[PDB]
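The structure under discussion appears below in the form of structure tokens.
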Amino acid sequence: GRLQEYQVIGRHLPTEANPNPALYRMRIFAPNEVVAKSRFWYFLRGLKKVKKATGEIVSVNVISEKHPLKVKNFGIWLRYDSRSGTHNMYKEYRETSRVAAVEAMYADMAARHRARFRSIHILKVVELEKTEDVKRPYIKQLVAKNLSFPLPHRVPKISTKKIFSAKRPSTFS
Amino acid sequence: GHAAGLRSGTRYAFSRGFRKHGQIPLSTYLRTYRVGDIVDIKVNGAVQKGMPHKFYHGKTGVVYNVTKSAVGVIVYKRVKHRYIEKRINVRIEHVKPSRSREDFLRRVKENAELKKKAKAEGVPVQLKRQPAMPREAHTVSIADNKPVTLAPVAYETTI
Amino acid sequence: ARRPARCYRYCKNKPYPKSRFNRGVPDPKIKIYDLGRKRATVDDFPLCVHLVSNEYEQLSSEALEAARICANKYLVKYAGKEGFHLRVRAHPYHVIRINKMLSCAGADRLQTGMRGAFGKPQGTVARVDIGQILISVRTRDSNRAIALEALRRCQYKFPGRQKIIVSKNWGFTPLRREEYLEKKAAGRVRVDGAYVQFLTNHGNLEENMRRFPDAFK
RNA sequence: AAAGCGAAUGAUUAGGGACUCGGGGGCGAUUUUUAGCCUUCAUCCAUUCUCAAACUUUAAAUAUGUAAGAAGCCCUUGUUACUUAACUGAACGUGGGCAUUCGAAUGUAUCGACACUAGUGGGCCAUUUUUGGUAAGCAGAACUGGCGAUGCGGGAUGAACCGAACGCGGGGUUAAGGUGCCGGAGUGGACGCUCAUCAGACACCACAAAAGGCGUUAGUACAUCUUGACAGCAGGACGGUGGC
RNA sequence: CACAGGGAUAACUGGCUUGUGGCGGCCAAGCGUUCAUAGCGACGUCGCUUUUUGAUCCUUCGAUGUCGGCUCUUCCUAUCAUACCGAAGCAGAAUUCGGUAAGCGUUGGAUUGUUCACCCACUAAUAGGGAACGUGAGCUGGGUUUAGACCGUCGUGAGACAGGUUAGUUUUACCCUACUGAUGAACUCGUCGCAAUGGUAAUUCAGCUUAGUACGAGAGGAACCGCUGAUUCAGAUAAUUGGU
Ligand SMILES: [K+]
Ligand SMILES: [K+]
Ligand SMILES: [K+]
Ligand SMILES: [K+]
Ligand SMILES: [K+]
Ligand SMILES: [K+]
Ligand SMILES: [K+]
Ligand SMILES: [K+]
Ligand SMILES: [K+]
Ligand SMILES: [K+]
Ligand SMILES: [K+]
Ligand SMILES: [K+]
Ligand SMILES: [K+]
Ligand SMILES: [K+]
Ligand SMILES: [K+]
Ligand SMILES: [K+]
Ligand SMILES: [K+]
Ligand SMILES: [K+]
Ligand SMILES: [K+]
Ligand SMILES: [K+]
Ligand SMILES: [K+]
Ligand SMILES: [K+]
Ligand SMILES: [K+]
Ligand SMILES: [K+]
Ligand SMILES: [K+]
Ligand SMILES: [K+]
Ligand SMILES: [K+]
Ligand SMILES: [K+]
Ligand SMILES: [K+]
Ligand SMILES: [K+]
Ligand SMILES: [K+]
Ligand SMILES: [K+]
Ligand SMILES: [Mg+2]
Ligand SMILES: [Mg+2]
Ligand SMILES: [Mg+2]
Ligand SMILES: [Mg+2]
Ligand SMILES: [Mg+2]
Ligand SMILES: [Mg+2]
Ligand SMILES: [Mg+2]
Ligand SMILES: [Mg+2]
Ligand SMILES: [Mg+2]
Ligand SMILES: [Mg+2]
Ligand SMILES: [Mg+2]
Ligand SMILES: [Mg+2]
Ligand SMILES: [Mg+2]
Ligand SMILES: [Mg+2]
Ligand SMILES: [Mg+2]
Ligand SMILES: [Mg+2]
Ligand SMILES: [Mg+2]
Ligand SMILES: [Mg+2]
Ligand SMILES: [Mg+2]
Ligand SMILES: [Mg+2]
Ligand SMILES: [Mg+2]
Ligand SMILES: [Mg+2]
Ligand SMILES: [Mg+2]
Ligand SMILES: [Mg+2]
Ligand SMILES: [Mg+2]
Ligand SMILES: [Mg+2]
Ligand SMILES: [Mg+2]
Ligand SMILES: [Mg+2]
Ligand SMILES: [Mg+2]
Ligand SMILES: [Mg+2]
Ligand SMILES: [Mg+2]
Ligand SMILES: [Mg+2]
Ligand SMILES: [Mg+2]
Ligand SMILES: [Mg+2]
Ligand SMILES: [Mg+2]
Ligand SMILES: [Mg+2]
Ligand SMILES: [Mg+2]
Ligand SMILES: [Mg+2]
Numbered sequence: 002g003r004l005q006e007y008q009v010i011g012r013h014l015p016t017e018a019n020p021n022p023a024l025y026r027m028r029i030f031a032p033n034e035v036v037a038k039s040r041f042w043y044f045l046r047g048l049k050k051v052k053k054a055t056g057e058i059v060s061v062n063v064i065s066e067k068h069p070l071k072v073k074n075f076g077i078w079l080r081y082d083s084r085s086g087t088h089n090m091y092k093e094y095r096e097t098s099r100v101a102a103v104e105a106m107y108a109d110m111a112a113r114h115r116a117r118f119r120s121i122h123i124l125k126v127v128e129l130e131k132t133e134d135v136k137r138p139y140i141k142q143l144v145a146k147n148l149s150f151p152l153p154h155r156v157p158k159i160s161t162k163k164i165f166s167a168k169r170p171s172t173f174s
Numbered sequence: 002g003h004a005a006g007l008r009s010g011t012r013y014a015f016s017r018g019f020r021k022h023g024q025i026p027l028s029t030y031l032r033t034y035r036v037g038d039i040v041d042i043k044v045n046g047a048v049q050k051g052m053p054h055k056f057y058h059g060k061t062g063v064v065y066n067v068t069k070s071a072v073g074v075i076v077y078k079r080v081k082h083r084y085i086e087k088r089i090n091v092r093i094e095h096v097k098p099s100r101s102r103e104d105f106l107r108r109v110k111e112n113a114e115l116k117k118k119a120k121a122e123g124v125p126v127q128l129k130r131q132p133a134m135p136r137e138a139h140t141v142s143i144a145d146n147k148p149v150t151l152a153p154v155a156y157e158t159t160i
Numbered sequence: 002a003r004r005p006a007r008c009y010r011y012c013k014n015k016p017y018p019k020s021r022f023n024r025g026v027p028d029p030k031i032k033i034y035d036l037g038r039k040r041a042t043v044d045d046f047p048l049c050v051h052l053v054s055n056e057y058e059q060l061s062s063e064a065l066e067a068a069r070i071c072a073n074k075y076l077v078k079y080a081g082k083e084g085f086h087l088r089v090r091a092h093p094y095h096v097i098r099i100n101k102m103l104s105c106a107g108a109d110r111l112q113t114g115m116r117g118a119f120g121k122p123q124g125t126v127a128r129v130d131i132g133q134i135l136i137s138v139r140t141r142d143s144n145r146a147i148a149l150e151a152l153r154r155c156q157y158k159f160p161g162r163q164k165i166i167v168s169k170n171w172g173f174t175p176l177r178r179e180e181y182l183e184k185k186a187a188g189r190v191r192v193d194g195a196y197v198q199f200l201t202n203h204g205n206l207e208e209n210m211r212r213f214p215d216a217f218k
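Quick note, the sequences are listed as chains Y, G and D, same order.
Count along the first sequence from 1, then add 1; that gives the number in the UniProt record's numbering.
Count along the second sequence from 1, then add 1; that gives the number in the UniProt record's numbering.
Count along the third sequence from 1, then add 1; that gives the number in the UniProt record's numbering.
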């Protein structure tokens with residue numbers, strides 16, 4: 002519930018030498034619409050010669066997942082900055098929505114590469130339709146046939162306020 | 002105590018520009034000035050008489066005296082905690098009439114006619130400026146102007 | 002003499018070149034910048050490799066000379082005298098100073114301490130930026146491994162961090178490999194000494210036709 | 001500031017074309033300027049790799065001068081020894097006309113002028129910009145904010161840092177900072193990484209580098225493989241031809 | 001020689017820095033009979049330390065006793081010897097490079113006031129440093145640095161010299177703490193016991209045998225076990241010898 006995917010459409014301000022300017026559309030992941038629009042101008046400034054003071058926003062809409070109850074495999078392309086230089090990566094995730102996949106990606110990059118939110122560009126998010134499109138071995142073991150496994154050494158849940166138990170707890174639940 | 006001469010530090014300010022040496026255009030000597038005009042000062046390096054001090058280069062003042070070949074101008078100078086009134090004599094090669102008050106002198110005569118035209122007709126008008134206001138609502142059509150979808154690009158080495 | 006290089010690493014002063022205001026500077030240590038078969042035609046050496054800076058610092062003339070010698074020896078040994086062309090692309094113009102306390106005061110007395118401490122020239126360094134190119138090599142495409150190893154070996158003589166980048170151009174030209182071939186097929190390039198010149202279609206018609214006969218045919 | 005040098009003034013790397021009467025060395029009789037055959041420097045021409053506090057064709061950001069009416073605008077015409085060939089002008093005005101709107105925004109929690117006099121005239125610190133010096137808790141400047149002259153909550157301590165400036169009390173909520181115990185408040189929730197016989201643990205700040213690891217984790221590129229790849233084990237390994 | 005002051009300002013410790021001094025690494029042209037790395041390391045380049053000397057002037061000028069030696073305790077390791085080991089361009093003997101390791105030692109003298117130095121001789125060895133450049137109410141007073149005196153150079157002179165020489169008063173503990181020892185109120189007076197915590201101790205060499213053996217062409221030439229003594233240190237004791 003931290004992120005949502007938005008559609009943002011923007012335009013250069015019309016002038017007499019060019020009425021009816023072109024329209025550009027981007028897909029932005031953001032926690033709210035105030036930072037969705039700020040993110041839009043950031044990316045457009047890097048591609049076209051437009052600013053916020055010489056343009057305007059046309060439309061903002063929320064894109065919802067079409068089947069948020071079906072398990073899917075996702076692939077993501079991204080570009081990030083390390084302490085010296087920039088690099089490209091491709092990672093994979095398994096969940097039920099595009100928003101869930103992006104949230105897991107941001108946590109994963111912070112843990113394994115110490116990359117902050119401010120140094121990551123998302124290039125493309127694609128749902129992998131065929132089971133033959135899975136590349137990473139940590140996903141392949143999850144799409145194996147006839148999967149099943151037990152849960153050994155499970156610690157029982159005990160109220161914090163209850164100190165001084167009178168029996169030795171078990172771990173076979 | 003460092004060196005402090007009259008023209009110290011004027012290497013670039015008092016110099017004529019590139020490809021702008023030689024003869025002075027003669028329309029400079031044909032203008033007329035009256036007591037109460039508003040002029041700005043700009044020193045010409047090729048004339049060494051009636052030169053003003055480097056402080057007044059780039060200032061604007063009011064004429065108070067007219068003589069055979071020069072004018073007297075009044076400027077206000079800030080000295081720490083106060084302003085002081087200065088009176089300098091400048092040859093006309095260093096002065097020039099200013100467009101600072103022309104916008105005001107244009108609105109005054111334009112307001113006069115609009116007021117009299119409206120009074121003769123019978124519908125009131127505004128007669129004073131307003132700052133830029135926020136835009137209004139409008140509709141933008143998508144017909145034959147389909148939007149183009151953009152995405153960020155991957156990193157690559159140029160050299 | 003020759004204080005350690007740790008003491009003059011950062012670009013802390015404005016550029017201080019030799020001129021009519023500071024006189025009496027020693028000659029720089031490095032004097033030769035082009036090595037190898039430096040007059041081959043453009044079409045012989047299509048591959049180029051660069052050594053690029055990654056910091057904002059100063060490199061000394063001694064360090065530049067040491068790295069040039071180290072890379073030259075390896076290329077000659079494994080590629081021959083006529084299998085490469087090497088160029089150093091950083092020239093030292095900034096002069097550093099030293100305040101001789103012992104020389105001016107030790108056994109000479111006169112004035113001691115920090116009084117009148119403006120120094121005398123000692124050496125020369127090159128000021129470099131992030132992404133600036135330091136050394137370039139052009140050779141055939143079968144000597145890719147040799148060129149990479151030569152530049153990797155020579156960077157142990159430099160302070161700071163450097164990278165090696167394989168260019169996407171043709172030789173030393175500012176032209177991508179594929180687009181250079183198309184321009185040559187169209188006949189718009191002509192061979193100069195070890196380099197080329199290009200046609201602009203903005204001169205007088207007689208001279209342009211004479212210099213680029215293949216273009217108009 | 002940035003930028004420029006196939007743009008002036010300076011600095012600077014490398015080839016090519018044209019040239020000989022400029023130099024040097026030579027070869028066809030060194031004959032010979034015979035530019036005969038060459039030759040290397042030099043010169044001119046189109047190109048080529050790097051620079052400038054006391055260089056420049058260009059050229060920001062931040063800052064800076066003046067104006068936004070009634071002491072204004074327009075119509076007519078009175079004085080002068082100044083000016084004009086000339087009541088032609090120049091300055092100062094009578095009379096008349098113009099809110100049907102006195103001519104950007106916001107504030108006005110403080111308008112103008114005068115009199116008499118105290119203390120001070122050793123300063124220091126910080127972000128950004130900066131000079132000398134190898135550097136310094138060193139020495140010197142610009143704009144602004146602080147301490148001195150100032151308590152209170154944090155940084156265990158700590159003139160200058162973060163939060164916030166103070167009459168005597170009661171209730172509520174917070175800032176910076178915290179919630180295993182010392183200690184008021186979570187042994188709170190989610191996903192990972194790390195095993196150190198020298199672990200690590202919060203701005204100012206109380207330190208660590210070049211260089212290495214088949215420790216572990218994620219990623220980039222190329223090549224081989226169910227027409228059987230890597231490892232291990234098992235078998236074979238032929239005529240000219242003992243090549244010239 | 002005098003007075004008013006100054007830590008706004010030098011001469012000693014301490015504090016920041018580390019140019020210079022000292023110590024340690026990285027790369028690999030080359031040395032090494034062939035052979036980059038047994039043992040070394042040119043051109044370059046990254047560090048550490050505060051037992052050198054500089055740079056600064058924060059504390060002390062109503063005073064923190066200013067060289068060296070003698071005496072005595074403890075600490076550091078960048079290891080001279082001793083224990084047990086890895087490597088060699090290690091046949092044996094002798095040597096060289098490296099690891100764990102500060103438990104235990106590291107001397108008797110001629111000249112010099114010396115710190116530093118240079119010789120003779122013994123030894124397993126004669127390593128490097130700190131503690132206000134440890135240590136003057138602990139000593140000493142040879143040097144330096146008051147007043148007397150001589151010489152050389154300098155100055156007209158009074159006088160000067162980080163130049164030589166000779167003679168020159170070293171004060172107070174009975175107070176608090178620290179330390180070394182010695183008594184002791186309260187719960188009846190005694191006899192015999194336990195042991196938390198604190199302290200802790202040993203050291204190096206020689207002779208005989210192994211053996212003229214192993215190894216080696218020869219010249220040369222070991223070691224483990226076993227036996228008997230001695231150096232430095234510690235705790236006691238007085239039959240005998242010596243001193244009083
Ligand atoms: K000056
Ligand atoms: K002095
Ligand atoms: K390097
Ligand atoms: K430019
Ligand atoms: K130039
Ligand atoms: K302006
Ligand atoms: K007149
Ligand atoms: K005063
Ligand atoms: K005063
Ligand atoms: K002061
Ligand atoms: K200071
Ligand atoms: K505090
Ligand atoms: K927990
Ligand atoms: K790794
Ligand atoms: K004092
Ligand atoms: K003081
Ligand atoms: K040092
Ligand atoms: K020290
Ligand atoms: K020191
Ligand atoms: K001092
Ligand atoms: K004192
Ligand atoms: K002694
Ligand atoms: K002391
Ligand atoms: K003493
Ligand atoms: K004496
Ligand atoms: K005597
Ligand atoms: K006492
Ligand atoms: K013990
Ligand atoms: K014991
Ligand atoms: K005894
Ligand atoms: K007895
Ligand atoms: K007796
Ligand atoms: Mg000046
Ligand atoms: Mg004159
Ligand atoms: Mg400087
Ligand atoms: Mg510049
Ligand atoms: Mg004073
Ligand atoms: Mg200062
Ligand atoms: Mg000071
Ligand atoms: Mg004060
Ligand atoms: Mg305060
Ligand atoms: Mg407090
Ligand atoms: Mg702290
Ligand atoms: Mg309260
Ligand atoms: Mg917490
Ligand atoms: Mg509590
Ligand atoms: Mg590293
Ligand atoms: Mg196989
Ligand atoms: Mg005094
Ligand atoms: Mg002081
Ligand atoms: Mg050193
Ligand atoms: Mg060799
Ligand atoms: Mg060396
Ligand atoms: Mg005192
Ligand atoms: Mg004392
Ligand atoms: Mg005393
Ligand atoms: Mg050690
Ligand atoms: Mg050893
Ligand atoms: Mg003695
Ligand atoms: Mg010391
Ligand atoms: Mg002492
Ligand atoms: Mg004492
Ligand atoms: Mg004496
Ligand atoms: Mg005397
Ligand atoms: Mg006397
Ligand atoms: Mg005399
Ligand atoms: Mg005494
Ligand atoms: Mg014990
Ligand atoms: Mg034998
Ligand atoms: Mg007796």
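Think of the CB as a built atom: it goes at the ideal place given N, C-alpha and C, for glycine as much as any other residue.
Please list the partners that residue i has in chain Y, where partner means a Cβ-to-Cβ separation under 7 Å.
i	result
G:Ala155	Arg80, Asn89 and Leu124
G:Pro148	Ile10, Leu24, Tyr25 and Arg26
Determine the contact status of residue i and residue j, defining contact as a CB-CB distance below 8 Å.
i	j	result
D:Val96	D:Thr125	yes
Y:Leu124	G:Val149	no
G:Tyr65	G:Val96	no
G:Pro153	Y:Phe44	yes
Y:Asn62	Y:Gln8	yes
How would you list, in chain order, the residues of chain D whose beta-carbon sits under 9 Å from the beta-carbon of residue i?
i	result
G:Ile160	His51, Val53, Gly132, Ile134, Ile166, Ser168, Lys169 and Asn170
Residue i versus chain G: which residues are under 7 Å apart at the beta carbon?
i	result
Y:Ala108	Result: empty, since nearest Cβ-Cβ is about 21 Å, beyond 7 Å.
Y:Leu48	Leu151
Beta strand (DSSP E) containing residue i: first to last residue?
i	result
Y:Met27	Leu24 to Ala31
D:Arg98	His95 to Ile99
Y:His122	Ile121 to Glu128
Give me the Cβ distance between residue i and residue j, rounded to the nearest whole Å; I'm assuming they're in contact under 8 Å.
i	j	result
D:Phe159	D:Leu60	6 Å
Y:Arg80	G:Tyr156	5 Å
Kindly list, in the order they appear in chain G, the residues whose Cβ is closer than 9 Å to that of residue i.
i	result
Y:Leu4	Ordered by position in chain G, no residue passes the 9 Å Cβ test against Y:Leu4, which lies about 17 Å from the chain.
Span of the alpha helix (DSSP H) holding residue i?
i	result
Y:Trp42	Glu34 to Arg46
Y:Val144	Unbroken run through Y:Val144: none, as it is neither H nor E.
Y:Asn19	Careful: Y:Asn19 lies outside any alpha helix (DSSP H) and carries neither H nor E.
Under 8 Å Cβ-Cβ, which residues of chain G neighbour residue i?
i	result
Y:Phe44	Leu151 and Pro153
Which runs of the alpha helix (DSSP H), 4 residues or longer, sit entirely within the segment 83-146 of chain D?
Qualifying alpha helix (DSSP H) stretches, in chain order: 102-106.
Would you mind listing the beta strand (DSSP E) stretches within the segment 177-210 of chain D that are 3+ residues and don't spill past its ends, in chain order?
Correct list: 190-192 and 197-199.
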